[PDB]
Amino acid sequence: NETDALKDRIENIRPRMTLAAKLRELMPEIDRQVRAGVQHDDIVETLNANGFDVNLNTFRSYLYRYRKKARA
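The rules behind the values
- Residues numbered from 1 in each chain as written, not as in the entry; some residues may be left out.
- Heavy atoms only, no water.
- Helix = DSSP H or I, 4+ residues; strand = E, 2+ residues; numbered from the N terminus.
- Rg over C-alpha atoms; globule rule 2.2 N^0.38 Å.
- Buried < 20%, exposed > 50% of the residue type's maximum accessible area, 1.4 Å probe, protein only.
- Contact = heavy atoms within 4.5 Å.
- Areas by Shrake-Rupley, 256 points an atom, 1.4 Å probe, with all protein chains shown as cover.
- Patch = residues over 30% accessible without salt bridge, like charges linked within 9 Å, V, L, I, M, F, W, Y side chains within 5 Å.
- Salt bridge = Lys/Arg side-chain N within 4 Å of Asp/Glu carboxyl O.
- Polar contact = N/O pair within 3.5 Å; in protein donor to acceptor, adjacent residues only side chain to side chain.
- Axes fitted to C-alpha atoms, helices over the stretch in contact; angles between N-to-C directions.
- Parallel < 35°, antiparallel > 145°, perpendicular 65-115°, else oblique.
- Nonpolar A, V, L, I, M, F, W, Y, C, P; charged D, E, K, R; others polar.

By the method listed in its record, X-ray crystallography, this PDB entry was determined to a resolution of 1.90 Å.

Looking up the protein in the PDB entry gives the name StbA, with the organism given as Escherichia coli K-12.

A. Broad picture of the overall build of the protein. The number of helices and strands found in the protein is 4 helices and 0 strands. Ordered by position in the sequence, the α and β elements of the protein form the string α-α-α-α. In terms of overall size, the protein is more extended than a compact globule, its C-alpha atoms giving a radius of gyration of 15 Å where 72 residues would be expected to give roughly 11 Å. The dimensions of the protein, computed from C-alpha atoms along their principal axes, are 50 × 25 × 15 Å. In the protein, buried positions account for 22% of the 72 residues. When contacts within the protein are restricted to residue pairs at least 6 apart in sequence, those whose partners lie at least 24 apart make up 57%. Of the accessible surface of the protein, which amounts to about 5,700 Å², a share of 50% is contributed by carbon and sulfur atoms.

B. A look at a nonpolar patch on the surface. Together, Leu6, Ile10, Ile13 and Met17 make up a nonpolar patch on the protein surface, roughly 390 Å² of accessible area in all. With respect to the element layout, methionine 17 can be found in helix α2 (residues 13-35).

C. Main features of the pattern of salt bridges. Scanning all chains against the criterion turns up 5 salt bridges. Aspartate 53 is the partner of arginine 16 in a salt bridge, and the nearest nitrogen-oxygen pair spans 2.8 Å. Placement of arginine 16 in helix α2 and of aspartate 53 in the loop between α3 (40-48) and α4 (56-71) is noted, with a sequence separation of 37 residues between them. Judged by its relative accessible area of 53%, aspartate 53 is exposed. The partner of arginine 32 in a salt bridge is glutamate 29, with the nearest N and O atoms 2.8 Å apart. Within this pair, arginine 32 and its partner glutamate 29 are both found in helix α2, separated by 3 residues, close to a single helical turn. Among the charged side chains, a network of salt bridges with common partners joins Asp31, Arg35 and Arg67.

D. Expanded view of the side chain of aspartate 31. For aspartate 31, the location among the structural elements is in helix α2. Residue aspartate 31 is classed as buried on the basis of its relative accessible area of 5%. Side chain to side chain, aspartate 31 and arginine 67 meet in a polar contact 2.8 Å long. Beyond its immediate stretch of four places on either side in the chain, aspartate 31 contacts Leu63, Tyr66 and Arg67.

E. Spatial organisation of the packing of α3 against α4. Between α3 and α4, the shortest axis-to-axis distance is 10 Å and the interhelical angle comes to 105 degrees. The orientation of α3 with respect to α4, classified from their angle, is roughly perpendicular. In this structure, α3 uses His40, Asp41, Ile43, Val44 and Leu47 to contact α4, whose residues at the interface are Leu56, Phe59, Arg60 and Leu63. For the contact of α3 with α4, the class distribution of residues is 6 nonpolar, 1 polar and 2 charged.

Here is the structure:
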């Protein structure tokens with residue numbers, strides 16, 4: 001009776017937290033390449049082809065947060 005959609009959501013909570021953490025670890029190198037002229041959309045495409053369902057807004061959020069913490 002429990003939908004496979006709710007079941008799948010629950011099953012992927014912890015996997016997604018791990019991916020979120022992996023994405024934060026990538027931010028220093030992403031920031032370097034992106035300020036050198038690599039497009040945000042290009043990195044988002046690579047992420048979306050390899051298990052990270054982030055959109056452009058969410059990607060920029062992580063990038064902005066990395067940058068604030070870095071400047072501090």
